[PDB]
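Structure incoming, see below.
The chains carry the letters A, B, C and D, assigned in the order they are written, with residues numbered from 1 in each.
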Amino acid sequence: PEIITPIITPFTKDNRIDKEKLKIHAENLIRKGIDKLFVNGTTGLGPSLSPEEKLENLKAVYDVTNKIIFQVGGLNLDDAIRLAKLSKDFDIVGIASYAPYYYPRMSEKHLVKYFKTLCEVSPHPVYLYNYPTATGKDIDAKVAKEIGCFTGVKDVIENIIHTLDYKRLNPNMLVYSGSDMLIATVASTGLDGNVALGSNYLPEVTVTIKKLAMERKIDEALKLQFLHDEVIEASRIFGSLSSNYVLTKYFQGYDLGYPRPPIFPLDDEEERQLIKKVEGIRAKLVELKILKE
Amino acid sequence: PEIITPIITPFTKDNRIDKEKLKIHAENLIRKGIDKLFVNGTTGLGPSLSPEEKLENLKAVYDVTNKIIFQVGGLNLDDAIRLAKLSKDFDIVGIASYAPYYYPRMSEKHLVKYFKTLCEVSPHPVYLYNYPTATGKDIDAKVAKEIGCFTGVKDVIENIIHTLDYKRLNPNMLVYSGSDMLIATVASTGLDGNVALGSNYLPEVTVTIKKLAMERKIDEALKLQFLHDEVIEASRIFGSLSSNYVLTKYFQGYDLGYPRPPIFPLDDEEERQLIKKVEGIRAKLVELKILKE
Amino acid sequence: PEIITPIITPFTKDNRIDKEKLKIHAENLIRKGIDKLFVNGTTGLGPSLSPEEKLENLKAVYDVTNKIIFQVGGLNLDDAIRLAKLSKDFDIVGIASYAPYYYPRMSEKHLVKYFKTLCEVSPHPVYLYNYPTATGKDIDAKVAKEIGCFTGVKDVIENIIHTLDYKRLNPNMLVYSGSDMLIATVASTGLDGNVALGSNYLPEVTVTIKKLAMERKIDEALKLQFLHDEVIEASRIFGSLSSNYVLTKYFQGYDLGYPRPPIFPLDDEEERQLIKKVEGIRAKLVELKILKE
Amino acid sequence: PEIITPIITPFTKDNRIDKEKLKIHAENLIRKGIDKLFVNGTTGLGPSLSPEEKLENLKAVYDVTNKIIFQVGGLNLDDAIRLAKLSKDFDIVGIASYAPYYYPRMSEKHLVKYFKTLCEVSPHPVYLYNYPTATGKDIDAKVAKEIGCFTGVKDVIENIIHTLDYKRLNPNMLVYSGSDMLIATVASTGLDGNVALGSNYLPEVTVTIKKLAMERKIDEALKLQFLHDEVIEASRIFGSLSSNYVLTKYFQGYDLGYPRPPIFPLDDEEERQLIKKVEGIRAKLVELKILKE
């Protein structure tokens, strides 16, 4: 099983992608044992990025590692098809696309066509980015098999039956979970790991949970999972997307700049009060020697 | 009360806004009694348009009428701010914005700041575009009061209490409904009108339904309202965002081009069947003399 | 249009139906202008009542008025069929049944059979008691027409499109709304009125809203609707089912005893604090002379 | 971990509990490795049973095994209290109760008092039966701690995080899952077992799936788990509450009679098709020698 990082997108104060901070972050992640980097996902504000910025993220992370999965979806097919085709000159793992978002109650025929269209033009493996809440629709294991070109899938959902059903109807298919709270459970049940936002700021923890569960040390893996759960919950107090920046700076040293409004940054006060609820968690992670003081 | 068309965006076979076909559509809608025009809404594929293109829609429709509500929402705040500002040189009704979409569980603080921001920069009345299903968050009567700079609201929701509650807490706010199926109901219960997707292809009807109920002939209004309900339902067969293009050509007699993929046009086969579904309905409206022969 | 009362079931301290208090309440209701009394509904804890107690309520209210609709549904068909048949000796409006509750995802065939079975044996008109939330399933206007024996329907839902669709596919059918917050809107849109829990403790208000909306005085009817809304909301603070007893005693004089645990009564403190939030409302109802001091 | 059967209730053609057929079913389940028996659950049509009949189920199954969890829930508190008390003369595992069903938006106060009440009277360990979909309210990990007298919980829910969270906040509580499709997953992630509807007709499988995963052969466990998933799905064709009767007779070779209408039996025609759906599955289990010829 793997741990993939939907890598944050650091923005400058003038709202420009910080290519240089993004690189320092990708290095720390690969350094600390992350398997691949999932680019332009929700955690990096993919839908907030222009086709040229979605490509920036690729080009800046490709200076660091070629263990990349490249998300290209939007509400303009010609834009996505271009991004799919330009990735040909990048030796990477694959490209990804979430279902066309916003517009509710799209037909199963129109969604299957969107994905098949991207397979017809892709120069790399195609991963499905199934996120029913964010997109408004669910490409479940049945429609995934109907489309029939998905090398893998990130299933962002709380129902683990839904996720396992991909591996049931699509046996050859890689099946990752988007939930950070199921890292220990996904590792132990025979799926191919997790795509973990929380690994942006605690890659140490996400990897160690994976290892403990791999070692059939489940009682221990749950000890550490539940701790990571408490951080996922603290970041939720002030908007997790905006708190993901604060928590990477607190746990990993370097800062990642700013998010893109309306994903507003935390102010100095929200930052203090958030640090105040993970101090205790950071300490026990140090006492367990999972983190360096 | 008023009938407002969330006006379709015609696209060229090259995925380009057809400014001339849109002008034709605006003229016709106004000639047939549409009060105002809602530009860059869901029906018009706003979330699929760029800021440059959202602006193109404004300038193109402003060439024919200035009864315009200019939607300017997106996931980049600076873009919405610039659009809002540039409207200053236009004599229009107001600007509007849906809540930032996609991202789940945004903080009420972040949400309120997004809207209050657009108010601080707006050179025109600010209307709330409330669409919980598509955007993934609800700006209810309470949060609207909290923001407290909305001249009006378009509430796309099944719960009509929700709609009435904007008038309960904001006694001076215009409250419209996003339902085509409540044109008669809204009029009769003292709400201010309907932003009707279906007024794109049957303005005569949407305006007549309102008329009858306001003449206190509620039984005649339901009789015609129920006829319009069948056109709404039939359009939903092949995805109503795409079927509006086929229905406007059928009923209003001019071409509106294509939608923007992943909002796929209907093919010859699907278009053929949809017209069969509404053949009879056209006949009942031509008998009742709501439509020209 | 009508106002029907899903009449409370007063219980004694030893948890026995208080036939005598129930009668005093039914009289006040008919006295104050309520059209019919809906017996064994949610508001009277129907599902908490044994087949013999469901019959008690009938026999005790039939000493007062024959304007009764008699709810008989449960999870035992033989029990319901008996109650349907014993009502033959009562000259009343009809019998009612909510869809079989609790068990999720029952088949459309098994639900249509439950209702048709009760029509085959009923000696009175059969009303549908559609409450999707309480029962877990929705007998929408299409399945109502499929069953094809419903004289009417109480539609407990916030979506008024759903409710109107009964009158669209079932034109002969009586269509009442279960929502107390749509009394003014239902009266004005051409449906046959409301079944109002709130008329247990403010029948004066529910009737006056109906009358104002009947008089096409909608701006005035909304004034009074929104007030009733504030009481529906106050009763919600402490469990509305349990607060319905306190609010009938506060506004109508007589007390109705106790509810049936786990619908626990309010304690003296919750009763005081509830009275504290409707004092102001009771006053303005007096100043508008809708209520006698 | 453990496998627990929510044991079916056999009914006579006269809508009467078949105490002798139930005894047969209990014996067989125990002989085939079922740890305990959950009496008067959803699968057993508890909410359709009277207190007298819920008690009949206890005495009948207690004639064969005392590994019983005695469900005693209802909408009359006194009834549940009396059932709880009468269990004192039995050497059973515990008593259980779902949250009071039907009535929406019950107060957390009223809910907690309902459960704490059953604890104050219980002569046995109290297990929480958590089933948000059917009952209409969720007793999550936090409210369980707040009540704080539950030896264990059966969590019928798709969100497996929800389930893990009982163990997070209540480190000493037994946490079971109500999913047949997570027998392998639960075992492997350190949770305490599954209350499986499907163990009624395929105990051999449900116990084997658990076995394999606990022998660390997770790939073999999924292989058999996915086979059981097809039996769950097929049963759902004609309503799985009724299909269990047909599947137990098919697989275990004895008759369990009828369910209780409105939980309608399958007819000759529906029963015929369901067996066709599971013909092949029986073959794969007989080859793999999980079933006798």
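Definition applied: a residue touches a chain if its C-beta (ideal position, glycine included) is under 8 Å from a C-beta of that chain, and two chains touch if they have at least 3 such contacts.
With respect to chain A, maximal separation of chain centres occurs for C (centres as means of Cα atoms).
Distance between chain A and chain C, defined via averaged C-alpha coordinates, is recorded as 50 Å. Mean C-alpha position of chain A lies 37 Å from that of chain D. Shown for chain B are the residues that touch two or more other chains, of which there are none. Taken pairwise by the contact criterion, the protein chains form one closed cycle in which every chain touches exactly two others.
The chain pairs satisfying the stated touch condition come to A-B, A-D, B-C, C-D. By the touch criterion given at the top, residues 158-162, 164-165, 167-168, 179, 181-182, 184-185, 188-190, 216, 218-219, 222, 226, 229 of chain A touch chain D in their complex.
Chain B contributes residues 15, 42, 45, 47-48, 75-78, 100-107, 109-111, 113-114, 117, 133-136, 236, 238-239, 241-242, 260-264 to its touches with chain A in the complex.
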